[PDB]
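One chain comes next, on its own, written out as structure tokens in the form solved without uridine-5'-diphosphate (UDP).
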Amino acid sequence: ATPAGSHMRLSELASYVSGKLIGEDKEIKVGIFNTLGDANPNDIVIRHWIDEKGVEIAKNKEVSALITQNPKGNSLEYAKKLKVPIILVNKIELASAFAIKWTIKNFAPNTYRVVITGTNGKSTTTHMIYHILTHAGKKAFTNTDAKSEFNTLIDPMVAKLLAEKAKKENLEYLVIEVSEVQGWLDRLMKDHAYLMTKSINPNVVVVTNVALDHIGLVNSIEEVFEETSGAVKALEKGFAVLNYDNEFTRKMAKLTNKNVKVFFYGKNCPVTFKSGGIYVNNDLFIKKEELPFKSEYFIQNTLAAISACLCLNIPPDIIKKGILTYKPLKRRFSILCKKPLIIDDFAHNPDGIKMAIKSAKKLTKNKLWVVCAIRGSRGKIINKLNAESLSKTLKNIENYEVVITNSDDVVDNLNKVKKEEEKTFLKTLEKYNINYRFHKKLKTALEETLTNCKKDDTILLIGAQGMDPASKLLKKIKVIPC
């Protein structure tokens, strides 16, 4: 069980988190689950690893207990002498999950709760739902904003941030993004989505889609489906909000438990997009020009957010006010310029690349330029599948030009394109008879594209870390602002 109150025994805490207590047992006062850098007296700190310096800082900060998987050097004996309790765990996600459960129970128990997962769209959908609720004046907590995506059990950040806000506000809603496929040291943390959803005990689970990505952690879309479905199996009550247009999210309906209602959104559903607008129960809800220059994914994410909020009994006019004032995250089909139309999108897996190209073509008057940064240091397979998606999506589209780059000039060591990655990407384009130009440097790719393009063309920039710097480079070479 999960205790209520601001005390527990060290031995009880160790058992709660699947750990072993190092040091003498004691009834401790508990503050919140925190990081070492921010810890207040009596806080409990969960950390992947600690060293003797961390033990000393914990003592100075009056931390009640340190929970860790790797006590480096002389940490254990040093902590025993300083009387800093160490709880050794093997599976740190169990400590983070307990920290979330305990924080909810003790600081925000009277809340409605939504979990959002999926391969693409879970951050935007989380952000949209949070925005609808807070724009309506509701008090809510979320673990994702424009700067951060704390969607895992690998650290205590969810428990820390939740506690900090719950002490200051009477929260009514928790809006929690959950990683569907999560790694640790390039190894799959199986059942992460199940465990993290269970720790929230949500009223609503949203699954945006199932798509191939995280090659190396997984390698089949079936496995992505299995791991993602853990969020739905975790749901005890309430509503499963599922994308009807994705085959694998549709299959999750059969996995819902006894007292769970499936709520589908998508084509020929109660919440749907058709003839340029969003409809709810056959009423025109959001109109075409209320969604200017928006992508396929933006629309699907909006359908998901509407659906989740309807399942929370938010009145439709409240939902609409939120949608119309939503401020999107960075590089989500971001319009940087209108003459020429420059679109900046962080597409990075086959589905996202396909979506971005098709959405850009829909808005394209004349020539479509696609500038794509190879996904460096992520493996040959994802780059092959990405080039395959780019090639298959473009092969029937008229009047395009492909510009490929390594972004060697702007990426760090962790994102450098490896020779085998560049090779599989470019050879895939050639297999599909896609003409292309290639530049090692992003700046070269952008300068040449913007020089040769015309004012009625569209320029689509796609890529992850390799394309992140494009906005600043376009300001640098004085393309932006237009």
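For the two forms, the rigid core is made up of the largest set of C-alpha atoms that agree within 1.5 Å on superposition. Each residue number is its position in the shown sequence, starting from 1.
Quick note: we don't show the form solved in complex with uridine-5'-diphosphate (UDP), though the next part is all about it.
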Handout entry: Per-stretch contact check against uridine-5'-diphosphate (UDP) in the deposited bound form, the hit in 419-427, 439-447, 22-30, 45-53 (non-hydrogen atom, 4.5 angstroms)
Key = 45-53
Exercise for the section: Counting non-hydrogen atoms within 4.5 angstroms of uridine-5'-diphosphate (UDP) in the deposited bound form, say which of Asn40, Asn60, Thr35, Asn452 makes the cut. Expected result: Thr35
Completion exercise
Across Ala163, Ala240, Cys309, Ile86, the single C-alpha shifting 2 angstroms or more between the shown form and the other one with the core held fixed is at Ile86
Practice task
Would you tell me if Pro71 moves between the shown form and the other one by 2 Å or more at its C-alpha, with the rigid core held superposed?
Solution key: yes
Problem - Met252 C-alpha moves between the shown form and the other one by 2 Å or more, core aligned - result: no
Practice task
Superpose the two forms on their rigid core, then report whether the C-alpha of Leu329 is displaced by 2 angstroms or more between the shown form and the other one.
Solution key: no
Problem - Cα-Cα shift for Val232 and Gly216, closer or farther in the deposited bound form, minimum 3 Å - result: closer
